[PDB]
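Sending over a structure as structure tokens; questions will come in a sec.
Throughout, residue positions are numbered sequentially from 1 according to the sequence presented. All heavy atoms count here, side chains included; hydrogens, waters and symmetry mates do not.
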Amino acid sequence: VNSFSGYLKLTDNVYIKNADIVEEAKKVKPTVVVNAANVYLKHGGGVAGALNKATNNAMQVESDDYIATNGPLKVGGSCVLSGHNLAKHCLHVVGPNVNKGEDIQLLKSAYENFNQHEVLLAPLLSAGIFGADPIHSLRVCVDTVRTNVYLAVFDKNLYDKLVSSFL
Ligand SMILES: COC[C@H](O)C1(Nc2ncnc3[nH]c4cc(Br)ccc4c23)CC1
Ligand SMILES: [Cl-]
């Protein structure tokens, strides 16, 4: 039993809700919140901009030190950093950005990072400003993630389309 509330169950292990991931993280304080990161951990907009803003820029400060030490992530890769006031940990996951020409096949590799964590609160990777089809992202999520994932979808219209079209 866990504290996630109001989710629709899609499969044995995937759940979905129309919710602002920032407000959801603040309420649940999950062990892991997933950020829709880029390789530079520059949290300017989309989900990343919103999560970082909610930490009062502490996520960005921590991220800049991480990059100075380790260099950029790989597309499809991830790193675990602090969850600040939102979660115990933040899993920064880089899905391919279609508006940069990145291989959509890398989306499966990106979701594989979720399997290293038993339970996660997450957005749909590569959706939003990353330019991928969210219906496809949900399909890859369901077919790749085996751990327990709670997906927060900000847009109500998109949420209804994802549920109604789910196979
Ligand atoms: C149609 O594209 C939206 C997608 O659902 C997407 N973004 C989000 N997902 C889940 N929680 C979220 N809280 C936010 C707060 C701000 Br401000 C901006 C974006 C998000 C956000 C890309 C995954
Ligand atoms: Cl977004």
Side-chain angles (χ1 to χ4, degrees), residues 1-38 41 43 45-60 62-63 73 76-96 107-130 132-167:
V1 175
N2 66 54
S3 152
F4 289 102
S5 178
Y7 285 75
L8 179 69
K9 181 170 179 59
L10 295 176
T11 68
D12 180 67
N13 66 297
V14 179
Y15 295 80
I16 194 169
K17 185 183 181 175
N18 173 218
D20 182 348
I21 192 173
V22 169
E23 288 308 308
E24 187 73 9
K26 282 198 286 186
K27 160 174 112 59
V28 176
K29 292 297 234 79
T31 305
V32 180
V33 66
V34 173
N35 182 32
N38 59 53
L41 302 179
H43 308 301
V47 169
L51 290 171
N52 175 59
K53 179 177 175 183
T55 76
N56 183 44
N57 211 50
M59 178 180 285
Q60 192 63 68
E62 176 195 33
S63 293
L73 296 180
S78 71
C79 68
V80 179
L81 290 171
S82 179
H84 301 275
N85 52 318
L86 304 177
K88 188 173 193 297
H89 303 104
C90 179
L91 182 68
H92 295 272
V93 180
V94 183
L107 187 57
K108 187 174 185 74
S109 299
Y111 273 116
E112 288 171 342
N113 295 285
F114 289 24
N115 289 321
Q116 300 294 317
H117 304 276
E118 289 193 352
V119 182
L120 316 86
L121 171 63
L124 284 168
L125 299 178
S126 298
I129 69 175
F130 280 63
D133 176 2
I135 298 179
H136 174 67
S137 182
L138 175 58
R139 188 73 261 167
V140 177
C141 181
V142 165
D143 294 341
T144 304
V145 181
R146 299 177 300 282
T147 56
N148 289 146
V149 57
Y150 290 84
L151 295 167
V153 177
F154 180 58
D155 191 71
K156 171 59 172 170
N157 285 324
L158 174 59
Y159 170 86
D160 288 343
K161 181 191 190 121
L162 288 164
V163 168
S164 290
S165 63
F166 183 71
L167 224 195

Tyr111 versus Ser137, closest heavy-atom pair with distance: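 Smallest interatomic distance, heavy atoms only, reads OH-OG, 2.7 Å.
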
Donor-acceptor under 3.5 Å (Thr147 side chain, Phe114 main chain):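 A pair under 3.5 Å: yes.
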
Non-hydrogen side-chain atoms of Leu73 and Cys79 separated by less than 4.5 Å: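 Counting from C-beta outward, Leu73 and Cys79 do come under 4.5 Å.
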
Test log, rule side chain to side chain contact (heavy atoms under 4.5 Å, CB included), inputs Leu138 and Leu10: CA-CA 10 Å; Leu138 175 58; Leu10 295 176; 3.8 Å; yes

Distance in Å, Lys27 NZ paired with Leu86 CG, rounded so as to fall on 0.5 Å steps: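 With rounding to 0.5 Å, NZ (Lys27) is 14.0 Å from CG (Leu86).
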
Side chain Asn35, main chain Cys90, donor-acceptor under 3.5 Å: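 Answer holds: no.
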
Whether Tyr150 and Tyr7 hold their rings parallel, tilted or perpendicular, with breakpoints at 30° and 60°: perpendicular

Donor-acceptor pair, side chain of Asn115 and main chain of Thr144, under 3.5 angstrom: yes

Euclidean distance, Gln116 CD relative to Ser78 OG, rounded to 0.5 Å: 8.0 Å

Flag, side chain of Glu62 to backbone of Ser82, donor-acceptor distance under 3.5 Å: yes

Considering all heavy atoms, the nearest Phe130-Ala37 contact: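 Smallest heavy-atom distance, with atoms named: CZ-O, 3.3 Å.
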
Interatomic spacing from CG in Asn38 to NE2 in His92 - rounded to 0.5 Å: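 So the gap between those two atoms works out to 10.5 Å.
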
Smallest separation among heavy atoms of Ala58 and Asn52, with atom names: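 The answer is N-OD1, 4.2 Å.
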
Main-chain N/O of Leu41 paired with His43 side-chain donor or acceptor, under 3.5 Å: yes

Side chain to side chain contact (heavy atoms under 4.5 Å, CB included) between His117 and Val80, worked out: CA-CA 11 Å; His117 304 276; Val80 179; 4.0 Å; yes

Heavy-atom pair of closest approach, residues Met59 and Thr55: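 Where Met59 meets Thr55 most closely, the heavy atoms are N-OG1, 3.0 Å.
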
Any donor-acceptor N/O pair, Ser3 side chain to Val28 backbone, under 3.5 Å: no

Heavy-atom pair of closest approach, residues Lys26 and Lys29: O-CG, 4.1 Å

Heavy-atom closest contact (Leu120 atom, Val34 atom, distance): CD2-CG2, 3.7 Å

Short side-chain to backbone donor-acceptor contact, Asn113 and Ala110, under 3.5 Å: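 Present.
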
Pairwise distance CD1(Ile16) to CG(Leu162) - rounded to 0.5 angstrom: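 Between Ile16 CD1 and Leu162 CG, I get 5.0 Å after rounding to 0.5 Å.
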
Min side-chain heavy-atom separation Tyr159-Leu8 under 4.5 Å: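 In contact.
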
Heavy-atom side-chain contact between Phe4 and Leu121 under 4.5 Å: yes

Heavy-atom side-chain contact between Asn2 and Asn148 under 4.5 Å: no

Verdict with supporting geometry, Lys161 and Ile135, side chain to side chain contact (heavy atoms under 4.5 Å, CB included): CA-CA 8 Å; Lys161 181 191 190 121; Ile135 298 179; 3.5 Å; yes

Check: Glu118 and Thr31 side chains under 4.5 Å, non-hydrogen atoms: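 No, too far: nothing below the 4.5 Å cut-off.
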
Heavy-atom donor-acceptor pair, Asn18 side chain to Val153 backbone, under 3.5 Å: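 Yes, because the side chain of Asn18 sits within donor-acceptor range (under 3.5 Å) of the backbone of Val153.
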
Spacing of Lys53 atom NZ and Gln60 atom CD [to the nearest 0.5 Å]: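 Going from the NZ atom of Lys53 to the CD atom of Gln60 covers 14.5 Å.
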
Between CZ on residue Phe154 and CD on residue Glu23, distance to nearest 0.5 Å: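 Spacing of CZ (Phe154) from CD (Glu23) equals 10.0 Å.
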
